[PDB]
Amino acid sequence: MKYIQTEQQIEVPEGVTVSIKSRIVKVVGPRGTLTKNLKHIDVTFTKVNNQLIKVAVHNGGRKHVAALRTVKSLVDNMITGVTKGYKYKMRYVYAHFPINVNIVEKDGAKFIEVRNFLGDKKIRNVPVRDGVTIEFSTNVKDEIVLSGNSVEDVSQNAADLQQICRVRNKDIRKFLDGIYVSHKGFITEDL
Amino acid sequence: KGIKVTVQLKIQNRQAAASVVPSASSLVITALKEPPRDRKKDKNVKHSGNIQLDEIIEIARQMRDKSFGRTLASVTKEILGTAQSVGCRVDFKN
Amino acid sequence: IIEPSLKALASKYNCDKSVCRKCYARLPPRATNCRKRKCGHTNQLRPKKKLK
Amino acid sequence: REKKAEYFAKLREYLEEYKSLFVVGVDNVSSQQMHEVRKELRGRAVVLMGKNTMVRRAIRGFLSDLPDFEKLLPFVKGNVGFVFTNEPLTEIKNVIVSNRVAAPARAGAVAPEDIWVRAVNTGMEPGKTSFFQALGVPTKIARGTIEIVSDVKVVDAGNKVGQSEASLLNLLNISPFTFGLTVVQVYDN
RNA sequence: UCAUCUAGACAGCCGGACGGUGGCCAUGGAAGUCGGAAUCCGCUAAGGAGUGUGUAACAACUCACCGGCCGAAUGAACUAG
Ligand SMILES: [Zn+2]
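Calculation notes
Residues numbered from 1 in each chain as written, not as in the entry; some residues may be left out. Chains lettered and ligands numbered in written order. Part of a larger assembly, values for the part shown. Heavy atoms only, no water. Helix = DSSP H or I, 4+ residues; strand = E, 2+ residues; numbered from the N terminus. Rg over C-alpha atoms; globule rule 2.2 N^0.38 Å. Buried < 20%, exposed > 50% of the residue type's maximum accessible area, 1.4 Å probe, protein only. Areas by Shrake-Rupley, 256 points an atom, 1.4 Å probe, with all protein chains shown as cover. Patch = residues over 30% accessible without salt bridge, like charges linked within 9 Å, V, L, I, M, F, W, Y side chains within 5 Å. Salt bridge = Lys/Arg side-chain N within 4 Å of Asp/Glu carboxyl O. Contact = heavy atoms within 4.5 Å. Buried area = accessible area lost by both parts, 1.4 Å probe. Polar contact = N/O pair within 3.5 Å; in protein donor to acceptor, adjacent residues only side chain to side chain. Nonpolar A, V, L, I, M, F, W, Y, C, P; charged D, E, K, R; others polar. 1 Å grid on protein atoms, 1.4 Å probe; cavity = no way out; pocket = protein on both sides within 12 Å on 5 of 7 lines; lining within 4 Å. Points joined across faces, edges and corners; volume = space filled by probe spheres on them. Near = heavy atom within 4 Å. Donors = N, O, S within 2.8 Å, 3.2 Å for Na, K, Ca; no water. Core = buried A, V, L, I, M, F, W, Y, C linked by side-chain atoms within 4.5 Å.

The deposited coordinates, according to the entry record, derive from cryo-EM at 4.2 Å resolution.

Here it is in structure tokens:
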């Protein structure tokens, strides 16, 4: 009880780098930059020698030490994203009523429209946020792919879409027409 | 062939419908032994024997419900022939 | 043509969870103890292919 | 060392002279379909998609079990199984003939084509088939001459199966979906 | 309180169907209990008459000490603030 001093190692490659203010963190790499605010728990960071950043905390309960590995996961995942890119492949499925999806720009907004979903006839709209793009997958039927640097934005967008394509007042296990993720990987491979 | 049957699962085609054996797991014994087998197999089933037919049993010794494994003359006399269904020439012990 | 003013409030609530196949019984995510009334709700949980 | 000999110092030591290779992976198929056809010549087949006891193997290092296993040497993560079979593949097309009464598959999986087979009268009573309100089967009878009013397609490939839709529909004794090739390698040294 | 660990196990995937499973009801048909008794053996890393089980069984599938790198505490049942 009361782990007086507990830490965790985090690596960083040579191409990228990071700069930590008092509480803000800012990563920069070849693919781009990224920033994040850590005004949540206030744990210490200690450089060793250009490759090894140790996250550390002193005196706390299990609730207080869990946040340590949580922020380790956050930082190493986001630097992995900015040094390697993330992508999410989702699929469409339809029983009898085929879907009609489209991308539409207006006023520098860039929304996405969905139509013919179980016979609806007025627009099912959904927006998109920055730092992420989409292309309809060629040479393959009924898929879409998100691709970006961060993870929180793109995962939230995919979840928003796959939650918006929901239906009620019908049979609860016969109708399984919608959109859902399928693959979660990187824009590159083995790097 | 044989009225006996063990579990199976294979392919199908040609809109089939017959009352024959569905190719169980122990038909190689029927293939290597004599052809006749559907007859004299109503109720009489022998749980006895001591016969050695084909001398390629070293492979069946492994995991074909291995009879003896180590002791060449402890349980072979009890399992081999007893597990066989070749002939019913005499009925004197189950 | 239908309007979202009707479609949304017709399909707004919470029809979405896993699905069962065997004995006509799926169980929810949360876990306190065994399935019976004194206990209730086991600790089974898994993703679904498509939201129903 | 009491029980380990029956697997290592017994079976492998008595059959350390095999050079066949049948690498298969059960990704998602009816297990007995591949299992019975690996068997049938039963007693020479057993799946052994193994575990990590190679620290102990190196501690007791003097195996030389399969020198032909040097191909996926950087695949120490859910490796294939050390299974021993030396069967022939020119047996099913000549030795066994006219089976035609094997068991159907799971009965429920997806079919490749949209087919409606014509039903012949048998002279039985209707059973427990009063569950079709969702999509259904609009049909009409007139003394054998059946007439379908509208057609329905239920599902495509890449989706799981329902729960209570495999009772008294496929009554032709046909395996709905086996018809496939699933094997990683089939070599001999 | 009870069992395993530097003689190094957990969380990163598998399956186990030899004889009985073709076990009984006024001698043209009943293949693992619709109307009633019973769950062991030789086998001894695989190697079951089964919680559920398609015409009112003849054509029945899923699962059980075993097995591929790294490297250290984990697992189970109770007690009261
Ligand atoms: Zn309960």
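Okay, back to it.
**Let's talk about the overall build of chain A**
Looking only at helices and strands, chain A has two helices and 13 strands in total. Taken over C-alpha atoms, the radius of gyration comes to 21 Å for chain A, far larger than the 16 Å a tight globule of 191 residues would show. The dimensions of chain A, computed from C-alpha atoms along their principal axes, are 60 × 40 × 35 Å. The buried share among the 191 residues of chain A stands at 30%. Per element, the accessible surface of chain A, about 11900 Å² overall, is 54% carbon and sulfur.

**Describing a nonpolar patch on the surface**
Together, D:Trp116, D:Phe132, D:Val137, D:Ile148 and D:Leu169 line one region of the surface with nonpolar side chains, adding up to about 440 Å² of accessible area. Looking at where D:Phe132 falls in the secondary structure, it is placed in the loop between α3 (54-59) and β2 (139-140).

**Quick look at the arrangement of the chains**
Looking at the four pairs of chains with contacts, the pair that accumulates the most is chains B and D. Separated without contact, chain A and chain B have their nearest C-alpha atoms at a distance of 29 Å. Across all C-alpha pairs, the smallest distance from chain B to chain C is 22 Å, and the two are not in contact.

**Topic: the interface of chain D and chain B**
Facing the 31 residues of chain D at the interface are 30 residues of chain B. Buried area between chain D and chain B, summed over both chains or domains, comes out near 3000 Å², and the portion from carbon and sulfur atoms is 54%. The interface formed by chain D and chain B contains one salt bridge. Across the pair D:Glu40 and B:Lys10 runs a salt bridge, and its minimum N-O distance is 2.7 Å. Here chain D and chain B share seven residue pairs in polar contact between them. Secondary-structure elements contributing two or more residues to the side of chain D that touches chain B are α1 (7-14) and α2 (31-38) of chain D. Ranked by residue count, the leading element in the side of chain D that touches chain B is α2(D), at four residues. Residues of the side of chain D that touches chain B, tallied by class, amount to 15 nonpolar, nine polar and seven charged.

**Let's talk about the layout of surface pockets**
All names here are of chain B. Empty space within the second largest pocket amounts to approximately 1100 Å³. Forming the walls of the second largest pocket are 38 residues, and the residues nearest its centre are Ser26, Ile29, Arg64, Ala83 and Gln84. Broken down by element, the lining of the second largest pocket gets its largest block of residues, four residues, from helix α1 (residues 28-32). For the lining of the second largest pocket, the class distribution of residues is 16 nonpolar, nine polar and 13 charged.

**With respect to the protein's contact with RNA strand E**
Surveying the vicinity of RNA strand E reveals 56 residues, the closest of which are B:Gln8, D:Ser31, D:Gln32, D:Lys39 and D:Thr53. Counting only the atoms of RNA strand E within 4 Å of the protein, the fraction contributed by sugar and phosphate is 48%. With respect to RNA strand E, the side chain of B:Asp65 contributes an N or O atom lying 2.7 Å from a base oxygen. The separation between a phosphate oxygen of RNA strand E and a polar main-chain atom of B:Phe68 is 3.2 Å. For the surface near RNA strand E, the elements supplying multiple residues, two or more each, are α1, α2 and α3 of chain D.

**Observations regarding the coordination of the zinc ion**
In this structure, C:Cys34 (O), C:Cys34 (SG), C:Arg35 (N), C:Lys36 (N) and C:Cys39 (SG) serve as the protein donors to the zinc ion, at separations of 1.7 to 2.7 Å. Looking at C:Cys39, the relative accessible area reads 19%, which means it is buried.

**Concerning the interface of chain A and chain D**
In this complex, chain A contributes seven residues to the contact, which on the side of chain D involves eight residues. For the pair chain A and chain D, the summed buried surface comes to about 590 Å²; carbon and sulfur atoms form 50% of the total. Of all residues in chain A, the largest losses of buried area upon contact with chain D belong to A:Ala95, A:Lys174 and A:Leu176, amounting jointly to 56% of the total for that side. Applying the counting criterion to the chain A and chain D interface returns zero salt bridges. Between chain A and chain D we count two residue pairs in polar contact in total.

**Focus: the pattern of salt bridges**
It is possible for side chains of opposite charge to pair when their charged atoms get near one another. Tallied over the full model, the rule gives ten salt bridges over all chains. The shortest N-O distance in the salt bridge between A:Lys54 and A:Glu7 comes to 2.6 Å. Of the two residues, A:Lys54 is situated in strand β6 (residues 52-57) and A:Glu7 in strand β1 (residues 6-11); the sequence distance between them amounts to 47 residues. With its nearest N and O atoms 3.4 Å apart, the salt bridge here joins B:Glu58 to B:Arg61.

**Comments concerning the nonpolar core**
All names here are of chain A. Of all hydrophobic cores here, the largest spans 17 residues; its most connected members are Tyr88, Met90, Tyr92, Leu146, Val154, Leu161 and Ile179. Looking at this core, the elements with two or more residues in it are β7 (86-93), β9 (111-115), β12 (143-148) and α2 (152-164). Beyond its immediate sequence surroundings of up to four residues, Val154 is in contact with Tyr88, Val132 and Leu146. In terms of nonpolar packing, the next biggest core, distinct from the first, is built from 15 residues, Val25, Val27, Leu38 and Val55 among them.

**Describing empty space enclosed by the protein**
All told, the structure shown has nine cavities of 30 Å³ or more when counted by the stated rule. Reported here for the largest cavity is a volume of approximately 290 Å³. Lining of the largest cavity is provided by 19 residues; of these, D:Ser20, D:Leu66, D:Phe82, D:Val83 and D:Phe84 occupy positions nearest its centre. Among the elements that take part in the lining of the largest cavity, strand β1 (residues 20-23) of chain D stands out by supplying four residues, more than any other. Looking at the lining of the largest cavity residue by residue, the classes come out as eleven nonpolar, three polar and five charged. Here the second largest cavity is characterised by a volume of approximately 240 Å³. Looking at the second largest cavity, it is lined by 17 residues, and the ones nearest its centre are A:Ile10, A:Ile20, A:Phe45, A:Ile53 and A:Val75. Among the secondary structure elements, those contributing two or more residues to the lining of the second largest cavity are β1, β2 (17-20), β3 (24-28), β6 and α1 (62-84) of chain A. Of all the elements, α1(A) adds the most residues to the lining of the second largest cavity, at six residues.

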